[PDB]
Amino acid sequence: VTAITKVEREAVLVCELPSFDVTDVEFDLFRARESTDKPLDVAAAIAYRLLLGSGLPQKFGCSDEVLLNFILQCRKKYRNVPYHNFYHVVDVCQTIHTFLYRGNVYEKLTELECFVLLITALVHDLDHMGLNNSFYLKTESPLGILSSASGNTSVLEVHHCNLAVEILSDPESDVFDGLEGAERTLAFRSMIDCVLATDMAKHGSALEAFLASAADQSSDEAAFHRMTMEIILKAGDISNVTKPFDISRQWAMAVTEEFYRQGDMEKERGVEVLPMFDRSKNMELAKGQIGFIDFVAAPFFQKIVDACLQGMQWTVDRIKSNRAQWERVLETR
Ligand SMILES: CC1(C)CC(=O)N(CC(=O)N2CCC(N3N=C(c4ccc(OC(F)F)c(OC(F)F)c4)[C@H]4CC=CC[C@H]4C3=O)CC2)C(=O)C1
Ligand SMILES: [Mg+2]
Ligand SMILES: [Zn+2]
């Protein structure tokens with residue numbers, strides 16, 4: 001990895017974020033990005049401020065400069081795609097911060113685990129190209145062939161972990177360099193476990209395991225911690241429907257356009273195009289959001305909150321308010 005420069009750091013360090021509270025559940029990243037002509041720097045500054053404000057990097061021997069270096073090394077490996085770009089990972093990082101600290105999920109985890117989760121947010125989609133795992137498998141792309149030959153169908157997630165390990169292999173961007181022995185092993189394993197658990201093909205199994213652990217007062221403690229981390233990163237990843245409506249809608253627009261660009265490529269290659277990826281199906285945003293809410297997000301958030309994460313009740317509340325608002329879009333159309 002090429003070293004991050006003084007000038008790259010300074011460009012983040014000059015951003016002051018006047019009028020934003022990066023800790024708040026109603027924080028608006030889109031408004032942040034509209035606030036200046038250097039939205040990549042502002043986004044990096046948001047992530048930097050979240051991580052320093054937690055007080056965690058300092059505790060684990062991670063200097064301000066190495067933190068910032070890490071952030072910028074992550075930033076350089078996001079692509080200019082509509083949804084899976086740097087702003088998504090910063091959003092996930094900020095969202096996780098709220099679940100840990102406004103939702104009191106920090107109480108279930110060690111400080112190191114909280115630190116790992118915040119850092120893992122920033123790595124969890126590295127070098128996404130706006131195409132899902134299915135695209136690579138269907139088209140027998142080289143990465144798809146490799147995944148199948150090597151026995152792991154989570155095509156992208158293994159790729160993201162690869163790039164995360166590369167970033168962390170240089171002390172100048174290794175936020176875990178202050179760790180050794182068991183703690184360092186836990187930091188890397190937990191980060192990788194969490195990234196691997198973001199594959200939506202494993203959603204139901206991940207959720208069911210967590211719920212069975214939370215219900216068992218004799219669950220293995222280390223396993224419960226790890227599953228809680230996995231579920232929190234998953235929660236962040238499907239959290240767009242938990243945000244104020246207008247934020248939620250802007251995310252939905254970005255994901256829809258990404259999906260449509262995939263579908264356009266699949267059409268060119270003569271492979272199967274799912275309806276949600278087909279521009280010509282012209283699917284209404286409201287109906288798709290209601291469907292994602294009903295079949296994925298509402299039961300996920302309700303189940304985890306009820307099982308164990310009572311402080312995150314607001315997520316269920318906001319999903320219910322967003323669903324009602326989409327229903328009003330349909331009612332008035
Ligand atoms: C069609 C149905 C009636 C039945 C059904 O099975 N599903 C689920 C479904 O079709 N899935 C599962 C999730 C997948 N998925 N979808 C993402 C995503 C993000 C934000 C979204 O909008 C808003 F929140 F911004 C969004 O909503 C829109 F798609 F509806 C989807 C990502 C989540 C995690 C990782 C990468 C992205 C990923 O793997 C896509 C396939 C239904 O949607 C209803
Ligand atoms: Mg992902
Ligand atoms: Zn993601």
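Considering only residues of region 133-158 that are buried (at least 21 other Cβ atoms within 10 Å of the Cβ) and within 14 Å of ligand 1 (Cβ to nearest atom), which is nearest to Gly270 (Cα to Cα)?
Taking region 133-158 first, the residues buried (at least 21 other Cβ atoms within 10 Å of the Cβ) are 135-136, 147, 155-157.
If we keep only those that are within 14 Å of ligand 1 (Cβ to nearest atom) too, we end up with 135-136, 155-157.
Numbers: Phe135: 12, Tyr136: 13, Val155: 21, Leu156: 22, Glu157: 25 Å.
Result: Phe135.
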**Message:** Exactly one condition in (1) within 16 Å of ligand 2 (Cβ to nearest atom); (2) in a loop (DSSP other than H, G, I, E, B); (3) within 21 Å of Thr5 (Cα to Cα) is false for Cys74; which is it?
**Reply:** (2)
**Asked** Considering only residues of region 18-32 that are under 23 Å from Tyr83 (Cβ atoms) and either without any contact (Cβ under 8 Å) to a residue 40 or more places away in the chain or not in a loop (DSSP other than H, G, I, E, B) (or both), which is farthest from the chain's Cα centre (by Cα)?
**Response** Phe20
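Step by step: first the residues of region 77-105, then only those that are within 16 Å of ligand 2 (Cβ to nearest atom) and charged (D, E, K, R), then the one that is surrounded by the most Cβ atoms within 10 Å (Cβ to Cβ). Which residue is that? Working first, answer last.
Residues of region 77-105 within 16 Å of ligand 2 (Cβ to nearest atom): 77-79, 81-93, 95-96.
From what's left, charged (D, E, K, R): 77, 79, 91.
Numbers: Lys77: 18, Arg79: 13, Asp91: 24.
Of everything passing the filter in region 77-105, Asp91 is surrounded by the most Cβ atoms within 10 Å (Cβ to Cβ).
Before we move on, is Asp317 away from ligand 3 (no atom under 16 Å from the Cβ), more than 20 Å from the chain's Cα centre (by Cα), closer than 16 Å to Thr95 by Cβ and surrounded by fewer than 20 Cβ atoms within 10 Å (Cβ to Cβ)?
On the way: away from ligand 3 (no atom under 16 Å from the Cβ): yes; more than 20 Å from the chain's Cα centre (by Cα): yes; closer than 16 Å to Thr95 by Cβ: yes; surrounded by fewer than 20 Cβ atoms within 10 Å (Cβ to Cβ): yes.
Against the criterion (away from ligand 3 (no atom under 16 Å from the Cβ), more than 20 Å from the chain's Cα centre (by Cα), closer than 16 Å to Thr95 by Cβ and surrounded by fewer than 20 Cβ atoms within 10 Å (Cβ to Cβ)), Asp317 qualifies.
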**Unmet requirement for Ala297, which otherwise passes all of (1) aliphatic (A, V, I, L, M); (2) near ligand 1 (Cβ under 9 Å from one of its atoms); (3) touching a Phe, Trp or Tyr at 6+ places or on another chain (Cβ under 9 Å)** = (3)
**Request:** Please tell me if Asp216 is over 19 Å from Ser134 (Cα atoms) and part of a loop (DSSP other than H, G, I, E, B).
**Result:** yes
**Asked** Residues in region 106-131 that are within 16 Å of ligand 1 (Cβ to nearest atom) and either buried (at least 21 other Cβ atoms within 10 Å of the Cβ) or free of Cβ contacts under 8 Å to residues at least 12 places away in the same chain (or both): how many?
**Response** 9
**Asked** Can you find a residue in region 216-230 that is in contact with a helix residue (DSSP H, G or I) (Cβ under 9 Å, 6 or more places away or on another chain) and within 16 Å of ligand 2 (Cβ to nearest atom)?
**Response** yes
**Fill in**
Checked region 179-194 for anything more than 20 Å from the chain's Cα centre (by Cα) and surrounded by fewer than 18 Cβ atoms within 10 Å (Cβ to Cβ); matches are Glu180, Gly181, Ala182, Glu183, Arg184, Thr185
**Request:** State which residue is farthest from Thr98 (Cα to Cα) when the search covers only region 208-237 and only residues that are among the charged types (D, E, K, R), under 21 Å from the mean Cα position of the chain (by Cα) and more than 16 Å from ligand 3 (Cβ to nearest atom).
**Result:** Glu208
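With the requirement that a residue be touching a helix residue (DSSP H, G or I) at 6+ places or on another chain (Cβ under 6 Å) and away from ligand 1 (no atom under 14 Å from the Cβ), what does region 159-178 give you? Reasoning before the result, please.
We begin by selecting, within region 159-178, every residue touching a helix residue (DSSP H, G or I) at 6+ places or on another chain (Cβ under 6 Å); these are 160-161, 164, 167, 172-177.
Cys161, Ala164, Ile167, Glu172, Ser173, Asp174, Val175, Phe176, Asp177 - these are the residues of region 159-178 that are touching a helix residue (DSSP H, G or I) at 6+ places or on another chain (Cβ under 6 Å) and away from ligand 1 (no atom under 14 Å from the Cβ).
With the requirement that a residue be away from ligand 3 (no atom under 16 Å from the Cβ), part of a helix (DSSP H, G or I) and more than 15 Å from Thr120 (Cα to Cα), what does region 33-51 give you?
Within region 33-51, the subset away from ligand 3 (no atom under 16 Å from the Cβ) is 33-42, 44-46, 48-51.
When the remaining residues are screened for being part of a helix (DSSP H, G or I), the result is 33-34, 39-42, 44-46, 48-51.
Within region 33-51, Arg33, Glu34, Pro39, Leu40, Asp41, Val42, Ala45, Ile46, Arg49 qualify.
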**Asked** Quick one: in region 77-97, which of the residues that are farther than 18 Å from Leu168 by Cβ and part of a loop (DSSP other than H, G, I, E, B) is farthest from ligand 3 (Cβ to nearest atom)?
**Response** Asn80
**Asked** Among the candidates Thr139, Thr153, which residue alone is without any contact (Cβ under 8 Å) to a residue 60 or more places away in the chain and of a type in the set (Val, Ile, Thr)?
**Response** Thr153
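Rule-based calculations on the coordinates, nothing more; no lab input. Don't worry about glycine lacking a Cβ; one is built from the backbone with ideal geometry, like all the others, and counts go over all protein chains shown.
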